[PDB]
$ cat upload_20.txt   # compact mmCIF, C-alpha atoms and all ligand atoms
# COMPACT_ATOMS: atom_id res chain seq x y z
CA UNK A 397 -39.65 118.80 -206.46
CA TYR A 398 -39.69 121.72 -204.02
CA UNK A 399 -37.03 123.79 -205.78
CA UNK A 400 -38.21 125.87 -208.79
CA UNK A 401 -36.54 126.82 -212.04
CA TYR A 402 -37.04 127.54 -214.92
CA UNK A 403 -33.99 126.10 -216.52
CA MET B 1 -10.88 137.26 -198.88
CA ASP B 2 -10.92 134.06 -200.93
CA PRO B 3 -13.84 131.79 -202.02
CA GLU B 4 -12.70 128.87 -199.86
CA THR B 5 -12.52 131.08 -196.74
CA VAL B 6 -15.99 132.51 -197.45
CA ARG B 7 -17.38 129.01 -197.94
CA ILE B 8 -16.01 127.72 -194.60
CA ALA B 9 -16.85 130.89 -192.65
CA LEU B 10 -20.50 130.83 -193.74
CA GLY B 11 -20.82 127.09 -193.27
CA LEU B 12 -21.57 126.51 -196.97
CA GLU B 13 -21.49 122.87 -198.21
CA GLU B 14 -18.64 121.90 -200.61
CA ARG B 15 -20.87 121.75 -203.70
CA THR B 16 -21.22 125.56 -203.56
CA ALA B 17 -17.47 125.87 -204.28
CA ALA B 18 -18.00 126.11 -208.06
CA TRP B 19 -20.48 129.01 -207.57
CA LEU B 20 -18.14 130.72 -205.18
CA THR B 21 -15.30 130.40 -207.69
CA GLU B 22 -17.55 131.91 -210.43
CA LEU B 23 -18.35 134.78 -208.07
CA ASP B 24 -14.68 135.29 -207.14
CA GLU B 25 -13.73 135.50 -210.83
CA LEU B 26 -16.66 137.87 -211.49
CA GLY B 27 -15.45 140.26 -208.76
CA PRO B 28 -17.17 143.20 -207.02
CA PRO B 29 -19.64 145.37 -209.00
CA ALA B 30 -18.71 148.60 -210.81
CA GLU B 31 -21.26 150.59 -208.79
CA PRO B 32 -20.27 149.68 -205.17
CA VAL B 33 -22.95 147.83 -203.17
CA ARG B 34 -25.00 150.12 -200.92
CA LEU B 35 -27.50 148.90 -198.30
CA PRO B 36 -30.17 151.34 -197.20
CA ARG B 37 -30.11 151.85 -193.42
CA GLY B 38 -32.52 152.90 -190.68
CA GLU B 39 -35.55 154.83 -191.89
CA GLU B 40 -34.41 154.79 -195.48
CA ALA B 41 -34.51 150.98 -195.21
CA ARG B 42 -37.85 150.95 -193.35
CA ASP B 43 -39.42 153.10 -196.04
CA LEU B 44 -38.09 150.88 -198.84
CA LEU B 45 -39.19 147.69 -197.01
CA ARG B 46 -42.62 149.23 -196.49
CA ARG B 47 -42.95 150.12 -200.17
CA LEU B 48 -42.03 146.50 -200.95
CA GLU B 49 -44.87 145.33 -198.67
CA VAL B 50 -42.55 143.49 -196.25
CA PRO B 51 -44.58 142.93 -193.01
CA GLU B 52 -43.57 145.33 -190.17
CA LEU B 53 -42.31 142.54 -187.89
CA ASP B 54 -39.84 141.22 -190.50
CA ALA B 55 -38.85 144.69 -191.73
CA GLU B 56 -37.86 145.76 -188.25
CA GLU B 57 -35.70 142.61 -187.93
CA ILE B 58 -34.13 143.07 -191.37
CA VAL B 59 -33.12 146.65 -190.50
CA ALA B 60 -31.74 145.62 -187.09
CA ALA B 61 -29.55 142.85 -188.54
CA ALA B 62 -28.22 144.60 -191.62
CA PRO B 63 -24.69 143.40 -192.06
CA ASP B 64 -21.50 145.45 -192.08
CA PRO B 65 -18.36 145.13 -194.28
CA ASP B 66 -15.99 145.03 -191.24
CA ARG B 67 -17.91 142.74 -188.86
CA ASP B 68 -19.37 140.52 -191.57
CA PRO B 69 -16.61 140.30 -194.18
CA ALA B 70 -17.49 136.82 -195.61
CA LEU B 71 -21.20 137.72 -195.81
CA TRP B 72 -20.32 141.10 -197.35
CA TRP B 73 -18.01 139.59 -199.97
CA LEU B 74 -20.84 137.29 -201.01
CA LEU B 75 -23.40 140.10 -200.99
CA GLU B 76 -21.39 142.21 -203.46
CA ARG B 77 -20.72 139.39 -205.86
CA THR B 78 -24.23 137.88 -205.65
CA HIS B 79 -25.59 141.36 -206.50
CA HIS B 80 -23.13 141.53 -209.37
CA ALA B 81 -24.00 138.03 -210.63
CA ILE B 82 -27.62 139.27 -210.90
CA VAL B 83 -27.15 142.74 -212.51
CA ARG B 84 -24.74 141.40 -215.19
CA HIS B 85 -27.85 139.65 -216.56
CA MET B 86 -30.18 142.65 -216.37
CA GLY B 87 -32.86 142.26 -219.06
CA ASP B 88 -31.48 138.88 -220.06
CA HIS B 89 -34.09 136.08 -219.93
CA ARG B 90 -31.80 133.55 -221.61
CA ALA B 91 -29.59 133.33 -218.52
CA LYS B 92 -30.52 130.74 -215.84
CA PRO B 93 -32.08 132.06 -212.56
CA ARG B 94 -29.11 131.62 -210.23
CA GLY B 95 -29.71 133.51 -206.98
CA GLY B 96 -27.04 131.64 -205.03
CA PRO B 97 -27.41 129.28 -202.06
CA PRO B 98 -29.37 129.89 -198.86
CA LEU B 99 -27.00 130.69 -195.91
CA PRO B 100 -27.01 128.34 -192.91
CA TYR B 101 -29.16 129.85 -190.11
CA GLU B 102 -26.31 129.43 -187.56
CA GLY B 103 -25.20 132.85 -188.97
CA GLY B 104 -28.27 134.43 -187.49
CA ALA B 105 -30.62 137.09 -188.83
CA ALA B 106 -28.07 138.49 -191.30
CA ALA B 107 -27.78 134.97 -192.74
CA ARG B 108 -31.57 134.33 -192.73
CA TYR B 109 -32.28 137.63 -194.50
CA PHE B 110 -29.20 137.46 -196.76
CA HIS B 111 -31.23 137.49 -200.00
CA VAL B 112 -33.42 140.31 -198.75
CA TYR B 113 -30.22 142.43 -198.52
CA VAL B 114 -29.37 141.24 -202.06
CA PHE B 115 -32.83 142.38 -203.19
CA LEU B 116 -32.52 145.76 -201.39
CA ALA B 117 -29.05 146.36 -202.80
CA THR B 118 -30.35 145.59 -206.31
CA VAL B 119 -33.52 147.79 -206.27
CA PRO B 120 -31.73 150.87 -207.73
CA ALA B 121 -30.28 148.92 -210.66
CA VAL B 122 -33.61 147.29 -211.63
CA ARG B 123 -35.54 150.55 -211.21
CA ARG B 124 -33.02 152.18 -213.62
CA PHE B 125 -33.70 149.36 -216.07
CA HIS B 126 -37.46 149.97 -215.61
CA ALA B 127 -37.06 153.64 -216.48
CA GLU B 128 -34.91 152.94 -219.59
CA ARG B 129 -37.63 150.57 -220.79
CA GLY B 130 -40.31 153.21 -220.10
CA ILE B 131 -42.08 150.92 -217.59
CA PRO B 132 -44.64 152.89 -215.52
CA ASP B 133 -43.48 153.48 -211.95
CA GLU B 134 -46.59 151.80 -210.48
CA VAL B 135 -46.01 148.60 -212.51
CA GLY B 136 -42.33 148.52 -211.52
CA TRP B 137 -43.23 148.94 -207.84
CA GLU B 138 -46.13 146.52 -207.95
CA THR B 139 -43.79 143.89 -209.44
CA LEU B 140 -41.17 144.33 -206.74
CA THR B 141 -43.74 144.06 -203.89
CA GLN B 142 -43.61 140.29 -204.20
CA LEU B 143 -40.57 140.54 -201.86
CA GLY B 144 -43.02 141.18 -199.01
CA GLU B 145 -45.09 138.14 -199.95
CA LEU B 146 -42.04 135.86 -200.14
CA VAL B 147 -40.76 137.12 -196.76
CA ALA B 148 -44.25 136.47 -195.25
CA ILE B 149 -44.23 132.98 -196.81
CA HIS B 150 -40.91 132.04 -195.19
CA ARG B 151 -42.24 132.94 -191.77
CA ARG B 152 -45.48 130.93 -192.22
CA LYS B 153 -43.60 127.94 -193.57
CA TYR B 154 -40.62 127.73 -191.16
CA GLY B 155 -41.66 129.85 -188.20
CA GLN B 156 -38.94 132.52 -188.24
CA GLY B 157 -37.92 135.39 -190.52
CA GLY B 158 -36.20 134.71 -193.85
CA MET B 159 -36.59 134.59 -197.66
CA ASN B 160 -35.30 131.47 -199.37
CA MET B 161 -36.85 131.96 -202.82
CA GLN B 162 -33.94 133.95 -204.20
CA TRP B 163 -33.97 131.88 -207.46
CA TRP B 164 -37.40 133.42 -208.14
CA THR B 165 -36.50 137.00 -207.23
CA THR B 166 -33.73 136.91 -209.90
CA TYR B 167 -36.63 137.29 -212.35
CA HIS B 168 -37.98 140.48 -210.73
CA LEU B 169 -34.46 141.83 -210.22
CA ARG B 170 -33.36 141.30 -213.83
CA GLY B 171 -36.39 143.18 -215.09
CA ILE B 172 -37.72 140.14 -216.96
CA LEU B 173 -40.91 139.65 -214.98
CA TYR B 174 -43.76 142.12 -214.47
CA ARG B 175 -46.91 141.94 -212.44
CA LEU B 176 -49.74 143.26 -214.62
CA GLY B 177 -52.72 143.11 -212.24
CA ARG B 178 -53.58 139.69 -210.73
CA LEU B 179 -51.07 137.77 -212.93
CA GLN B 180 -47.33 138.05 -213.60
CA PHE B 181 -45.74 137.59 -217.06
CA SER B 182 -42.08 136.91 -217.80
CA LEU B 183 -40.04 137.32 -221.04
CA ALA B 184 -39.42 133.69 -222.02
CA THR B 185 -38.56 131.41 -224.98
CA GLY B 186 -39.36 127.82 -225.78
CA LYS B 187 -36.69 125.19 -226.52
CA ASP B 188 -36.72 126.25 -230.21
CA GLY B 189 -36.14 129.86 -229.13
CA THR B 190 -39.66 131.06 -230.08
CA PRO B 191 -40.66 133.95 -227.72
CA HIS B 192 -43.53 133.58 -225.32
CA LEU B 193 -44.64 134.96 -221.98
CA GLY B 194 -44.25 132.78 -218.92
CA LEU B 195 -47.31 133.15 -216.64
CA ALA B 196 -47.13 133.09 -212.82
CA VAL B 197 -49.67 133.67 -210.05
CA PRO B 198 -48.62 135.53 -206.94
CA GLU B 199 -50.22 134.39 -203.71
CA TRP B 200 -51.28 137.90 -202.65
CA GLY B 201 -54.12 139.68 -204.38
CA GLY B 202 -57.18 137.53 -203.54
CA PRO B 203 -58.94 134.74 -205.51
CA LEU B 204 -58.24 134.22 -209.21
CA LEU B 205 -61.50 135.82 -210.25
CA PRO B 206 -62.27 135.34 -213.97
CA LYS B 207 -62.57 139.11 -214.46
CA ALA B 208 -59.20 139.71 -212.80
CA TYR B 209 -57.52 136.92 -214.79
CA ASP B 210 -59.08 138.32 -218.04
CA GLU B 211 -57.87 141.84 -217.34
CA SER B 212 -54.34 140.62 -216.80
CA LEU B 213 -54.39 138.67 -220.06
CA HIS B 214 -55.55 141.82 -221.89
CA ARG B 215 -52.67 143.76 -220.43
CA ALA B 216 -49.94 141.36 -221.61
CA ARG B 217 -49.45 142.09 -225.32
CA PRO B 218 -49.86 145.87 -225.12
CA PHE B 219 -47.33 146.03 -222.29
CA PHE B 220 -44.62 143.85 -223.85
CA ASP B 221 -45.16 145.12 -227.39
CA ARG B 222 -44.61 148.66 -226.06
CA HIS B 223 -41.62 148.21 -223.78
CA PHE B 224 -40.04 145.05 -225.22
CA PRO B 225 -41.03 145.35 -228.87
CA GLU B 226 -38.12 143.05 -229.94
CA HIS B 227 -39.73 140.15 -228.03
CA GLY B 228 -43.00 139.63 -229.92
CA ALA B 229 -44.72 136.82 -227.98
CA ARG B 230 -48.21 135.76 -229.11
CA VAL B 231 -48.84 133.06 -226.51
CA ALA B 232 -48.53 132.60 -222.71
CA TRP B 233 -47.21 129.33 -221.31
CA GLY B 234 -47.79 127.91 -217.85
CA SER B 235 -46.64 124.81 -215.90
CA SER B 236 -48.54 124.23 -212.70
CA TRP B 237 -50.32 121.84 -210.35
CA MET B 238 -53.29 124.11 -211.18
CA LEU B 239 -53.43 122.75 -214.74
CA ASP B 240 -53.76 119.12 -213.52
CA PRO B 241 -57.12 117.83 -214.88
CA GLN B 242 -57.28 115.49 -211.84
CA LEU B 243 -58.55 118.52 -209.86
CA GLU B 244 -61.93 118.10 -211.62
CA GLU B 245 -62.59 115.01 -209.41
CA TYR B 246 -62.54 117.16 -206.28
CA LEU B 247 -63.28 120.83 -207.05
CA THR B 248 -66.72 122.07 -208.05
CA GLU B 249 -67.89 124.29 -210.88
CA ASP B 250 -67.54 127.49 -208.88
CA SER B 251 -63.78 126.78 -208.51
CA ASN B 252 -61.84 129.59 -210.18
CA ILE B 253 -59.03 127.11 -210.99
CA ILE B 254 -61.50 124.79 -212.75
CA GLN B 255 -63.22 127.57 -214.77
CA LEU B 256 -59.91 129.11 -215.88
CA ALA B 257 -58.03 125.88 -216.67
CA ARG B 258 -60.76 125.24 -219.28
CA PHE B 259 -59.27 127.93 -221.48
CA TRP B 260 -55.87 126.25 -221.52
CA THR B 261 -54.56 123.83 -224.13
CA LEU B 262 -52.33 121.22 -222.45
CA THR B 263 -49.28 120.28 -224.51
CA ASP B 264 -47.55 117.63 -222.40
CA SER B 265 -48.42 113.90 -222.37
CA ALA B 266 -50.78 112.43 -219.79
CA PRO B 267 -48.26 111.68 -216.97
CA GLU B 268 -47.45 108.22 -215.63
CA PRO B 269 -49.81 107.56 -212.69
CA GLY B 270 -46.79 106.55 -210.55
CA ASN B 271 -44.86 109.78 -211.23
CA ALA B 272 -44.86 111.49 -207.78
CA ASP B 273 -43.17 114.74 -208.89
CA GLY B 274 -46.13 117.15 -208.85
CA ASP B 275 -46.83 116.12 -205.28
CA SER B 276 -44.24 118.48 -203.78
CA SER B 277 -45.56 121.38 -205.89
CA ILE B 278 -49.20 121.05 -204.79
CA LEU B 279 -48.09 120.44 -201.18
CA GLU B 280 -45.92 123.63 -201.25
CA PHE B 281 -48.68 125.87 -202.64
CA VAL B 282 -51.58 124.49 -200.66
CA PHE B 283 -49.88 123.89 -197.26
CA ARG B 284 -46.38 125.41 -197.55
CA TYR B 285 -45.54 121.82 -196.68
CA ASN B 286 -42.45 121.20 -194.56
CA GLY B 287 -42.30 117.42 -193.90
CA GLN B 288 -45.14 117.26 -191.33
CA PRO B 289 -47.38 114.12 -191.25
CA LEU B 290 -50.34 114.49 -193.62
CA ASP B 291 -52.85 113.92 -190.79
CA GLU B 292 -51.72 117.14 -189.08
CA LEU B 293 -52.32 119.27 -192.19
CA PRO B 294 -55.42 121.56 -192.14
CA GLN B 295 -58.66 120.45 -193.85
CA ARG B 296 -60.68 123.71 -193.96
CA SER B 297 -60.99 124.13 -197.76
CA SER B 298 -62.22 121.81 -200.49
CA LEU B 299 -58.71 121.81 -202.04
CA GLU B 300 -56.97 121.04 -198.71
CA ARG B 301 -59.20 117.91 -198.32
CA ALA B 302 -58.66 117.04 -202.00
CA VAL B 303 -54.86 117.09 -201.92
CA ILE B 304 -54.78 114.78 -198.90
CA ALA B 305 -57.60 112.36 -199.91
CA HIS B 306 -55.94 111.86 -203.33
CA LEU B 307 -52.57 111.19 -201.75
CA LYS B 308 -54.15 108.87 -199.13
CA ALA B 309 -55.70 106.84 -201.98
CA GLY B 310 -52.19 106.07 -203.23
CA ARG B 311 -52.55 108.51 -206.13
CA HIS B 312 -50.36 111.42 -207.36
CA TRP B 313 -50.68 115.02 -208.54
CA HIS B 314 -48.93 116.23 -211.68
CA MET B 315 -47.57 119.53 -212.94
CA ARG B 316 -49.10 120.07 -216.37
CA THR B 317 -48.00 122.44 -219.11
CA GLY B 318 -50.12 124.38 -221.55
CA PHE B 319 -50.73 127.66 -223.35
CA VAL B 320 -53.30 130.35 -224.06
CA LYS B 321 -53.13 132.71 -227.02
CA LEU B 322 -52.70 136.33 -225.87
CA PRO B 323 -55.70 138.58 -226.62
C1 LIG A 501 -54.06 131.22 -206.72
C2 LIG A 501 -55.08 131.22 -205.61
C3 LIG A 501 -55.34 132.64 -205.10
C4 LIG A 501 -56.36 130.67 -206.25
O1 LIG A 501 -57.42 130.72 -205.29
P1 LIG A 501 -58.97 130.67 -205.71
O2 LIG A 501 -59.23 131.66 -206.80
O3 LIG A 501 -59.76 130.80 -204.43
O4 LIG A 501 -59.05 129.15 -206.30
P2 LIG A 501 -60.42 128.24 -206.43
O5 LIG A 501 -61.57 129.19 -206.52
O6 LIG A 501 -60.16 127.22 -207.51
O7 LIG A 501 -60.44 127.48 -205.03
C5 LIG A 501 -61.27 126.31 -204.79
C6 LIG A 501 -61.24 125.94 -203.30
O8 LIG A 501 -59.89 125.67 -202.91
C7 LIG A 501 -59.45 126.67 -201.96
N1 LIG A 501 -58.06 127.06 -202.30
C8 LIG A 501 -57.65 127.55 -203.49
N2 LIG A 501 -56.31 127.75 -203.46
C9 LIG A 501 -55.85 127.38 -202.25
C10 LIG A 501 -54.53 127.33 -201.57
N3 LIG A 501 -53.41 127.73 -202.21
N4 LIG A 501 -54.49 126.87 -200.29
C11 LIG A 501 -55.61 126.46 -199.64
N5 LIG A 501 -56.85 126.47 -200.19
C12 LIG A 501 -57.02 126.91 -201.48
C13 LIG A 501 -60.42 127.82 -202.02
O9 LIG A 501 -60.37 128.48 -200.75
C14 LIG A 501 -61.70 127.05 -202.34
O10 LIG A 501 -62.18 126.41 -201.15
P3 LIG A 501 -63.77 126.16 -200.88
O11 LIG A 501 -64.27 125.30 -202.02
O12 LIG A 501 -63.73 125.40 -199.57
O13 LIG A 501 -64.35 127.56 -200.86
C15 LIG A 501 -54.59 130.35 -204.42
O14 LIG A 501 -54.50 128.96 -204.74
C16 LIG A 501 -53.19 130.71 -203.96
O15 LIG A 501 -52.99 131.74 -203.36
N6 LIG A 501 -52.19 129.84 -204.25
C17 LIG A 501 -50.79 130.13 -203.99
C18 LIG A 501 -50.10 130.60 -205.27
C19 LIG A 501 -50.04 129.50 -206.33
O16 LIG A 501 -50.59 128.40 -206.19
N7 LIG A 501 -49.32 129.87 -207.42
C20 LIG A 501 -49.12 129.06 -208.60
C21 LIG A 501 -48.15 127.91 -208.34
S1 LIG A 501 -47.71 127.02 -209.86
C1 LIG A 502 -43.56 129.02 -209.15
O1 LIG A 502 -42.98 129.31 -207.90
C2 LIG A 502 -42.86 130.68 -207.52
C3 LIG A 502 -42.20 130.75 -206.15
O2 LIG A 502 -42.90 129.85 -205.27
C4 LIG A 502 -44.25 131.26 -207.43
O3 LIG A 502 -44.17 132.63 -207.03
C5 LIG A 502 -44.87 131.14 -208.81
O4 LIG A 502 -46.15 131.77 -208.72
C6 LIG A 502 -44.93 129.66 -209.21
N1 LIG A 502 -45.25 129.50 -210.60
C7 LIG A 502 -46.72 129.24 -211.30
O5 LIG A 502 -47.28 130.21 -210.68
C8 LIG A 502 -47.11 128.80 -212.69
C9 LIG A 502 -48.54 129.24 -212.95
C10 LIG A 502 -49.00 128.79 -214.32
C11 LIG A 502 -50.50 129.09 -214.30
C12 LIG A 502 -51.27 128.28 -215.32
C13 LIG A 502 -52.65 128.89 -215.54
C14 LIG A 502 -53.59 128.60 -214.37
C15 LIG A 502 -55.05 128.78 -214.78
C16 LIG A 502 -55.91 128.00 -213.81
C1 LIG A 503 -39.08 128.55 -217.55
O1 LIG A 503 -38.23 128.14 -218.59
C2 LIG A 503 -38.79 127.64 -219.79
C3 LIG A 503 -37.65 127.38 -220.78
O2 LIG A 503 -36.83 128.52 -221.03
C4 LIG A 503 -39.81 128.59 -220.40
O3 LIG A 503 -40.41 127.90 -221.48
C5 LIG A 503 -40.81 129.03 -219.33
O4 LIG A 503 -41.78 129.97 -219.75
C6 LIG A 503 -40.05 129.59 -218.13
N1 LIG A 503 -40.96 130.07 -217.13
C7 LIG A 503 -41.06 131.32 -216.77
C8 LIG A 503 -42.07 131.54 -215.68
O5 LIG A 503 -40.40 132.20 -217.23
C1 LIG A 504 -32.16 121.60 -212.85
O1 LIG A 504 -30.82 121.39 -213.25
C2 LIG A 504 -29.99 122.49 -212.93
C3 LIG A 504 -28.69 122.25 -213.63
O2 LIG A 504 -29.00 121.65 -214.89
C4 LIG A 504 -29.87 122.52 -211.42
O3 LIG A 504 -29.13 123.65 -210.97
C5 LIG A 504 -31.25 122.63 -210.84
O4 LIG A 504 -31.17 122.54 -209.44
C6 LIG A 504 -32.17 121.55 -211.34
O5 LIG A 504 -31.62 120.33 -210.93

$ encode --input "upload_20.txt" --output "structure tokens"
Amino acid sequence: XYXXXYX
Amino acid sequence: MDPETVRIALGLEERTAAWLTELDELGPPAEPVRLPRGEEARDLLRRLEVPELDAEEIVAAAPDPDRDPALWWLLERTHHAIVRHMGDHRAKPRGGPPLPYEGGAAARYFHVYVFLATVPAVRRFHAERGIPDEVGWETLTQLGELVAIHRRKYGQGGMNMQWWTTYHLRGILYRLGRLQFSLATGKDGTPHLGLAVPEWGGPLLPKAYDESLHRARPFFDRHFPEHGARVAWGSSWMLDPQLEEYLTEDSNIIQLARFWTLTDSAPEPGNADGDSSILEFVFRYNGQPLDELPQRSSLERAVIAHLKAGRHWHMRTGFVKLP
């Protein structure tokens, strides 16, 4: 993880 | 300037080329990009709760179209790529890449300049939607928090959560007290409100949480009546029932998670995905060996102990009906 979103 | 020249000048990796092409084809914005300078900038930064140390640095390093042409090109188009989706929650949150720190303070604070340059457009959107000034400002103050987070995490000034600020800047997320709510839809297109918890504002007291929940429907039904959500949806390490092993009854997270109805399957024990989420939020983890991490709070000890035991934390997803 470590990235975010939300897609 | 051309996208390939920008890419090479800023030291951007080749994968960004597609983005840069999109931006090149999009072009500069109709309203030309304007950065606030000097005391105008200090006052705006202050209003946005950016700490004084960072604000002073942001103002000092503000880039210039002539000296920083590649950076400036990207600033205009990145601003444009955001405002073209004003009010549009169906578009993906693309804030653009972080700039390599070899470009200095202007590169480190790039997305702060994007945010600053975009404040007038989102505040116009706020007014058209009849959003109260204090709600609009309170929402945008998360910039200060995210700037402060970068410094704690990495040790110098910056703001590398630009994917997240696309929500504030498109006018699709609002802080309503302790909690934030975003215009969202599920996979089947049914409207809901996405819930998020800013770091700043103190503990998640039940009374504070409750007040925010009470504010959600009246706010969105007034200003976004076409939306019509009935339910809030959250995905978080905080919804992981495994926390009950380690946190006591006076834990705010434990008391509040009890209201939630989890909708995902019990995760595979070996799925290590939620680890990076809990590590980010509890420690602002940046690759340091687990032994060096602080152990002052019950949660800090819990995250590490669980990991040391060969076990994993999971992001869980659920909903609460809006009052
Ligand atoms: C949201 C937040 C304010 C909740 O704090 P809270 O209301 O104090 O939560 P609890 O009452 O459940 O805390 C239980 C214990 O864990 C500690 N704790 C809670 N959140 C913590 C965090 N992010 N980092 C370190 N310790 C934390 C508390 O200090 C408390 O310790 P104690 O038992 O030694 O007194 C806090 O976790 C936070 O700021 N997190 C960052 C934002 C975040 O996680 N957002 C959502 C991501 S999906
Ligand atoms: C996701 O990341 C951004 C940037 O780091 C943060 O600002 C958000 O706060 C994070 N999202 C998250 O907050 C989801 C929260 C769902 C909450 C579920 C209810 C909790 C009740 C205990
Ligand atoms: C992230 O995206 C999904 C799918 O569109 C949505 O269900 C969820 O609520 C979104 N989260 C936020 C915080 O908007
Ligand atoms: C989810 O997938 C999108 C594209 O589908 C990526 O941009 C994102 O980084 C994450 O992998």

$ interface_residues --input "upload_20.txt" --of "chain B" --to "chain A" --cutoff "9 Å" --atoms "only C-alpha atoms" --output "count of residues only"
13

$ residues_near_ligand --input "upload_20.txt" --ligand "ligand LIG 502 (chain A)" --cutoff "7 Å" --atoms "all atoms listed in the file" --output "count of residues only"
17

$ atom_distance --input "upload_20.txt" --atom1 "CA of residue 146 in chain B" --atom2 "CA of residue 108 in chain B"
12.9 Å

$ closest_atom_pairs --input "upload_20.txt" --of "chain B" --to "ligand LIG 503 (chain A)" --cutoff "7 Å" --atoms "all atoms listed in the file" --output "tab-separated table"
residue	atom	partner	partner_atom	distance
B:182	CA	A:LIG503	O5	5.0
B:183	CA	A:LIG503	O5	6.4
B:184	CA	A:LIG503	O4	5.0
B:185	CA	A:LIG503	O2	5.2
B:186	CA	A:LIG503	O3	4.4
B:187	CA	A:LIG503	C3	6.2
B:192	CA	A:LIG503	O4	6.9
B:193	CA	A:LIG503	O4	6.2
B:194	CA	A:LIG503	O4	3.8
B:195	CA	A:LIG503	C8	5.6
B:196	CA	A:LIG503	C8	6.0
B:233	CA	A:LIG503	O4	5.7
B:234	CA	A:LIG503	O4	6.6

$ write_last_selection --input "upload_20.txt" --atoms "C-alpha atoms" --output "PDB file, in the coordinates of the input"
ATOM      1  CA  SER B 182     -42.080 136.910-217.800  1.00  0.00           C
ATOM      2  CA  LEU B 183     -40.040 137.320-221.040  1.00  0.00           C
ATOM      3  CA  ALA B 184     -39.420 133.690-222.020  1.00  0.00           C
ATOM      4  CA  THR B 185     -38.560 131.410-224.980  1.00  0.00           C
ATOM      5  CA  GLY B 186     -39.360 127.820-225.780  1.00  0.00           C
ATOM      6  CA  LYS B 187     -36.690 125.190-226.520  1.00  0.00           C
ATOM      7  CA  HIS B 192     -43.530 133.580-225.320  1.00  0.00           C
ATOM      8  CA  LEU B 193     -44.640 134.960-221.980  1.00  0.00           C
ATOM      9  CA  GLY B 194     -44.250 132.780-218.920  1.00  0.00           C
ATOM     10  CA  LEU B 195     -47.310 133.150-216.640  1.00  0.00           C
ATOM     11  CA  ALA B 196     -47.130 133.090-212.820  1.00  0.00           C
ATOM     12  CA  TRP B 233     -47.210 129.330-221.310  1.00  0.00           C
ATOM     13  CA  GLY B 234     -47.790 127.910-217.850  1.00  0.00           C
TER      14      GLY B 234
END

$ atom_distance --input "upload_20.txt" --atom1 "CA of residue 61 in chain B" --atom2 "CA of residue 117 in chain B"
14.7 Å

$ residues_around --input "upload_20.txt" --residues "residue 323 in chain B" --least-positions-apart "2" --cutoff "9 Å" --atoms "all atoms listed in the file" --output "list in words"
residues 213, 214, 215, 216, 217, 230, 231, 320 and 321 of chain B

$ write_last_selection --input "upload_20.txt" --atoms "C-alpha atoms" --output "mmCIF file, keeping the file's coordinate frame"
data_model
loop_
_atom_site.group_PDB
_atom_site.id
_atom_site.type_symbol
_atom_site.label_atom_id
_atom_site.label_comp_id
_atom_site.auth_asym_id
_atom_site.auth_seq_id
_atom_site.Cartn_x
_atom_site.Cartn_y
_atom_site.Cartn_z
ATOM 1 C CA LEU B 213 -54.390 138.670 -220.060
ATOM 2 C CA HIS B 214 -55.550 141.820 -221.890
ATOM 3 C CA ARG B 215 -52.670 143.760 -220.430
ATOM 4 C CA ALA B 216 -49.940 141.360 -221.610
ATOM 5 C CA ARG B 217 -49.450 142.090 -225.320
ATOM 6 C CA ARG B 230 -48.210 135.760 -229.110
ATOM 7 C CA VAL B 231 -48.840 133.060 -226.510
ATOM 8 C CA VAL B 320 -53.300 130.350 -224.060
ATOM 9 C CA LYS B 321 -53.130 132.710 -227.020
#

$ residues_around --input "upload_20.txt" --residues "range 245-252 of chain B" --least-positions-apart "4" --cutoff "10 Å" --atoms "all atoms listed in the file" --output "list in words"
residues 203, 204, 205, 206, 209, 241, 256, 257, 298, 299, 301, 302, 303, 305 and 306 of chain B

$ closest_residue --input "upload_20.txt" --among "B:260, B:16, B:265, B:189" --to "ligand LIG 504 (chain A)" --atoms "all atoms listed in the file"
B:16

$ closest_residue --input "upload_20.txt" --among "B:26, B:266, B:322, B:243" --to "residue 211 in chain B" --atoms "all atoms listed in the file"
B:322

$ closest_residue --input "upload_20.txt" --among "B:131, B:282, B:82, B:172" --to "residue 227 in chain B" --atoms "only C-alpha atoms"
B:172

$ closest_residue --input "upload_20.txt" --among "B:34, B:84, B:258, B:222" --to "ligand LIG 501 (chain A)" --atoms "only C-alpha atoms and all ligand atoms"
B:258

$ axis_aligned_box --input "upload_20.txt" --around "ligand LIG 501 (chain A)" --padding-each-side "8 Å" --output "lines of an AutoDock Vina configuration file"
center_x = -56.0
center_y = 129.0
center_z = -204.7
size_x = 32.6
size_y = 23.3
size_z = 26.3

$ atom_distance --input "upload_20.txt" --atom1 "CA of residue 89 in chain B" --atom2 "CA of residue 7 in chain B"
28.5 Å

$ residues_around --input "upload_20.txt" --residues "residue 283 in chain B" --least-positions-apart "5" --cutoff "9 Å" --atoms "all atoms listed in the file" --output "mmCIF file with C-alpha atoms, in the coordinates of the input"
data_model
loop_
_atom_site.group_PDB
_atom_site.id
_atom_site.type_symbol
_atom_site.label_atom_id
_atom_site.label_comp_id
_atom_site.auth_asym_id
_atom_site.auth_seq_id
_atom_site.Cartn_x
_atom_site.Cartn_y
_atom_site.Cartn_z
ATOM 1 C CA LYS B 153 -43.600 127.940 -193.570
ATOM 2 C CA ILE B 278 -49.200 121.050 -204.790
ATOM 3 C CA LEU B 293 -52.320 119.270 -192.190
ATOM 4 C CA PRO B 294 -55.420 121.560 -192.140
ATOM 5 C CA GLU B 300 -56.970 121.040 -198.710
#
